[PDB]
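Visitor: Just one file: structure_25.cif, with mmCIF, C-alpha atoms.
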data_protein
loop_
_atom_site.label_atom_id
_atom_site.label_comp_id
_atom_site.auth_asym_id
_atom_site.auth_seq_id
_atom_site.Cartn_x
_atom_site.Cartn_y
_atom_site.Cartn_z
CA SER T 28 30.58 231.69 60.11
CA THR T 29 27.00 231.89 61.38
CA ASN T 30 26.04 234.69 59.01
CA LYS T 31 27.52 232.84 56.01
CA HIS T 32 25.17 229.94 56.67
CA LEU T 33 22.12 232.17 57.08
CA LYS T 34 22.86 233.81 53.72
CA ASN T 35 23.25 230.53 51.85
CA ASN T 36 20.16 228.96 53.46
CA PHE T 37 18.10 232.17 53.60
CA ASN T 38 15.12 230.88 51.61
CA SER T 39 15.40 227.33 52.95
CA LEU T 40 15.22 228.50 56.58
CA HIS T 41 12.35 230.87 55.81
CA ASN T 42 10.40 228.18 53.95
CA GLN T 43 10.71 225.71 56.85
CA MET T 44 9.88 228.27 59.53
CA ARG T 45 6.77 229.61 57.78
CA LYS T 46 5.16 226.18 57.82
CA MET T 47 5.93 225.22 61.42
CA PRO T 48 3.07 225.14 63.96
CA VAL T 49 2.87 227.87 66.60
CA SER T 50 5.34 227.43 69.46
CA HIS T 51 4.26 226.69 73.01
CA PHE T 52 6.08 228.23 75.94
CA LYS T 53 5.37 226.84 79.41
CA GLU T 54 5.54 230.08 81.38
CA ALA T 55 6.96 230.19 84.89
CA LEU T 56 4.91 231.20 87.93
CA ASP T 57 7.45 230.71 90.69
CA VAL T 58 9.47 233.77 89.72
CA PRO T 59 10.44 237.01 91.51
CA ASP T 60 8.40 240.19 91.15
CA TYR T 61 10.24 243.34 90.10
CA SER T 62 10.99 244.58 93.64
CA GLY T 63 12.38 241.12 94.31
CA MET T 64 14.77 241.50 91.37
CA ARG T 65 16.31 244.51 93.13
CA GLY T 68 17.11 239.12 94.65
CA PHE T 69 20.74 240.23 94.67
CA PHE T 70 22.36 236.90 93.84
CA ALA T 71 19.84 234.08 93.62
CA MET T 72 18.56 231.30 91.39
CA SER T 73 15.17 231.18 89.68
CA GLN T 74 14.08 228.56 87.13
CA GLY T 75 17.68 227.70 86.31
CA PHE T 76 18.48 231.35 85.64
CA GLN T 77 21.29 232.73 87.80
CA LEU T 78 20.21 236.24 88.84
CA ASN T 79 22.83 238.87 89.61
CA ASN T 80 22.52 242.49 90.75
CA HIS T 81 25.91 244.07 91.43
CA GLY T 82 26.46 247.79 91.90
CA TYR T 83 28.61 248.45 88.82
CA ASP T 84 25.86 248.92 86.20
CA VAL T 85 22.12 249.66 86.11
CA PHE T 86 20.92 246.13 85.37
CA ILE T 87 19.88 242.83 86.87
CA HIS T 88 21.39 239.97 84.86
CA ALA T 89 19.84 236.57 84.24
CA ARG T 90 21.83 233.69 82.77
CA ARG T 91 20.60 230.12 82.58
CA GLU T 92 23.17 227.74 84.08
CA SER T 93 22.44 225.65 80.96
CA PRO T 94 22.20 224.54 78.13
CA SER T 96 22.34 226.76 72.67
CA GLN T 97 25.75 225.25 71.93
CA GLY T 98 26.97 227.72 69.32
CA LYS T 99 29.21 230.77 69.54
CA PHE T 100 27.72 234.26 69.87
CA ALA T 101 27.06 235.81 66.47
CA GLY T 102 26.12 239.23 67.85
CA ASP T 103 22.33 238.97 67.56
CA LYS T 104 20.28 240.59 70.30
CA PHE T 105 16.99 242.35 70.93
CA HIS T 106 16.04 245.30 73.10
CA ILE T 107 12.64 245.95 74.63
CA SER T 108 11.67 249.60 75.07
CA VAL T 109 8.84 250.82 77.32
CA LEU T 110 8.01 254.01 79.24
CA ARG T 111 10.37 254.00 82.24
CA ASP T 112 7.47 254.41 84.68
CA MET T 113 6.05 251.09 83.48
CA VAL T 114 9.14 248.89 83.81
CA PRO T 115 7.71 247.03 86.87
CA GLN T 116 4.51 246.21 84.99
CA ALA T 117 6.45 245.21 81.88
CA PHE T 118 8.75 242.98 83.89
CA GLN T 119 5.90 241.22 85.66
CA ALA T 120 3.96 240.75 82.43
CA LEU T 121 7.02 239.18 80.74
CA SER T 122 8.40 237.25 83.73
CA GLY T 123 6.57 234.04 82.86
CA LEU T 124 8.11 233.92 79.38
CA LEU T 125 11.56 235.24 80.36
CA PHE T 126 11.93 232.55 83.04
CA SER T 127 10.20 229.87 80.91
CA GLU T 128 11.90 226.50 80.52
CA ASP T 129 11.02 226.70 76.82
CA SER T 130 12.45 230.18 76.27
CA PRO T 131 15.18 230.22 73.61
CA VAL T 132 16.86 233.12 75.44
CA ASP T 133 19.53 231.87 77.87
CA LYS T 134 20.75 235.34 78.82
CA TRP T 135 18.99 238.65 79.35
CA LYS T 136 18.91 241.66 81.66
CA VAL T 137 16.46 244.29 82.88
CA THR T 138 17.27 247.77 84.14
CA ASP T 139 17.05 248.39 87.89
CA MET T 140 15.25 251.74 88.12
CA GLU T 141 16.74 252.49 91.55
CA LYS T 142 20.21 252.17 90.08
CA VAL T 143 19.43 254.20 86.94
CA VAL T 144 18.47 257.06 89.25
CA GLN T 145 21.49 256.64 91.53
CA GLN T 146 23.85 256.64 88.54
CA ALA T 147 22.04 259.54 86.86
CA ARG T 148 21.28 257.56 83.71
CA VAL T 149 18.50 258.28 81.21
CA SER T 150 15.95 255.54 80.54
CA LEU T 151 13.96 256.10 77.38
CA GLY T 152 14.24 252.55 76.08
CA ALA T 153 16.19 249.30 75.95
CA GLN T 154 15.10 248.53 79.51
CA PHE T 155 15.36 244.86 78.52
CA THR T 156 18.13 243.20 76.51
CA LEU T 157 17.84 239.68 75.09
CA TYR T 158 20.98 237.86 73.96
CA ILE T 159 20.64 235.30 71.15
CA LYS T 160 23.13 232.57 70.24
CA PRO T 161 23.05 229.79 67.59
CA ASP T 162 21.70 226.55 69.08
CA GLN T 163 23.94 224.13 67.20
CA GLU T 164 27.50 223.25 68.13
CA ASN T 165 28.66 224.27 64.65
CA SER T 166 27.29 227.77 65.40
CA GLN T 167 24.56 227.52 62.76
CA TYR T 168 21.05 228.61 63.62
CA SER T 169 18.54 225.82 63.02
CA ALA T 170 15.14 226.48 61.44
CA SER T 171 13.50 225.13 64.61
CA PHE T 172 15.42 227.51 66.86
CA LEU T 173 14.89 230.60 64.67
CA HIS T 174 11.17 229.83 64.53
CA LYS T 175 11.08 229.41 68.29
CA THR T 176 12.97 232.70 68.76
CA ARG T 177 10.67 234.60 66.40
CA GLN T 178 7.59 233.12 68.10
CA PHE T 179 9.07 234.09 71.47
CA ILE T 180 9.78 237.67 70.49
CA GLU T 181 6.24 237.99 69.12
CA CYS T 182 4.71 236.61 72.33
CA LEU T 183 6.62 239.32 74.20
CA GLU T 184 5.21 242.01 71.89
CA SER T 185 1.67 240.72 72.28
CA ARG T 186 1.95 240.37 76.08
CA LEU T 187 3.06 243.99 76.47
CA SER T 188 0.34 245.46 74.24
CA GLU T 189 -2.36 243.30 75.84
CA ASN T 190 -1.20 244.76 79.15
CA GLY T 191 -1.47 248.31 77.84
CA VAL T 192 2.24 248.92 78.40
CA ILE T 193 3.18 252.29 76.91
CA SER T 194 6.07 251.97 74.47
CA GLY T 195 9.42 253.64 75.01
CA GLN T 196 12.06 254.99 72.66
CA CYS T 197 13.92 252.63 70.34
CA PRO T 198 17.73 252.93 70.63
CA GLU T 199 19.28 254.96 67.80
CA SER T 200 21.38 252.01 66.63
CA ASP T 201 18.46 249.55 66.51
CA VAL T 202 15.99 248.74 63.74
CA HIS T 203 12.46 247.36 63.86
CA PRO T 204 9.46 246.85 61.56
CA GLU T 205 6.31 248.93 61.91
CA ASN T 206 4.56 246.05 63.71
CA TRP T 207 7.07 245.90 66.58
CA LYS T 208 6.10 248.52 69.15
CA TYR T 209 8.50 247.47 71.90
CA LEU T 210 11.11 245.13 70.40
CA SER T 211 14.04 246.28 68.28
CA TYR T 212 17.10 244.54 66.82
CA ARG T 213 20.83 245.08 66.51
CA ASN T 214 24.00 243.06 66.01
CA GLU T 215 26.95 244.42 68.00
CA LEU T 216 29.50 242.60 65.81
CA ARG T 217 28.54 244.56 62.69
CA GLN T 226 24.18 252.15 59.65
CA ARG T 227 20.62 251.14 60.48
CA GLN T 228 20.23 250.64 56.73
CA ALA T 229 22.69 247.74 56.84
CA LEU T 230 21.01 246.11 59.86
CA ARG T 231 17.73 245.89 57.95
CA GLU T 232 19.55 243.75 55.39
CA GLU T 233 20.88 241.25 57.94
CA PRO T 234 19.46 237.78 57.18
CA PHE T 235 18.74 237.14 60.86
CA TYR T 236 16.66 240.31 61.13
CA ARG T 237 14.68 239.63 57.95
CA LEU T 238 13.91 236.03 58.96
CA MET T 239 12.57 237.50 62.20
CA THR T 240 10.34 240.04 60.45
CA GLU T 241 9.19 239.01 56.98
#
Produce structure tokens that represent the structure in this file.
Guide:
Amino acid sequence: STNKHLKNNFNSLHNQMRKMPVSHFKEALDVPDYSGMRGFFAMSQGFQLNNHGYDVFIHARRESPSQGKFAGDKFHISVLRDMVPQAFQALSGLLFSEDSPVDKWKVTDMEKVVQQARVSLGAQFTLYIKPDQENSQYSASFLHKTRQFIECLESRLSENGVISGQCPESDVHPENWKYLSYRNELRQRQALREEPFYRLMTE
């Protein structure tokens, strides 16, 4: 499995990642603004956008490319509900970037959260991660890119004075992540902190 490989290459992956140069993400400009996202079924930078009325989100899935099978890894971004539009705009360049390692994500539609009487304290953004290789093994290059990406998101939000939200109860995050949090749906918060993926993303 994917996790088996991470465990047996734990130090090797870490050692390669920690010596790689900073990643560069060519951010997108020709993207929709938040109100645009609420369009309904359009295309933007290769990402198929979809807003149906059965949930409180707007989904984005890149028609491409990651060749591996889902291993359950994903991140959530939590901000004050009032600031979702600002957060979205600030992160749009990276989220729609051709260099982004995230092929699938979603953002809550505040109109729909109100119509469906849902609470929105956090996890307004969800980022799905999948091994890049066909054999379902994460490569050192990809993990480094993903970590770099997640950190750019963190920095962009704080530089924009976005007020943080409330981390989901089932997620875990280090003290230096103010918006991002992690969880693996395929497997206690204590156990998540031990996941190799999570530790390679934080230590």
Visitor: Set out as a tab-separated table a contact list for stretch 42-156 of chain T and stretch 177-189 of chain T with a cut-off of 8 Å, giving each residue of stretch 42-156 of chain T that qualifies its closest atom pair and distance in Å to one decimal, counting only C-alpha atoms, ordered by chain and rising residue number.
Guide:
residue	atom	partner	partner_atom	distance
T:49	CA	T:178	CA	7.2
T:50	CA	T:178	CA	6.3
T:52	CA	T:179	CA	8.0
T:117	CA	T:187	CA	6.5
T:120	CA	T:186	CA	6.7
T:121	CA	T:183	CA	6.6
T:124	CA	T:183	CA	7.6
T:130	CA	T:179	CA	7.1
T:131	CA	T:179	CA	7.5
Visitor: Name the residues that the PyMOL selection byres ((chain T and resi 155-172) around 6) picks from the file above, as a ChimeraX atom specification, using the file's chain letters and numbers.
Guide: /T:29,40,44,96-100,103-107,134-137,153-154,173-175
Visitor: Separation of atom CA of residue T:34 and atom CA of residue T:241, in Å?
Guide: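 If I compute the distance from atom CA of residue T:34 to atom CA of residue T:241, I get 15.0 Å.
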Visitor: For atom CA of residue T:62 and atom CA of residue T:128, quote the distance in Å rounded to one decimal.
Guide: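 Separation of atom CA of residue T:62 and atom CA of residue T:128: 22.4 Å.
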Visitor: Take the PyMOL selection byres ((chain T and resi 211) around 6), run it mentally on this structure, and tell me the resulting residues as a list in words.
Guide: residues 105, 106, 201, 202, 203, 210 and 212 of chain T
Visitor: Work out how far apart atom CA of residue T:198 and atom CA of residue T:89 are and give it in Å to one decimal.
Guide: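 Computing the Euclidean distance for atom CA of residue T:198 and atom CA of residue T:89 yields 21.4 Å.
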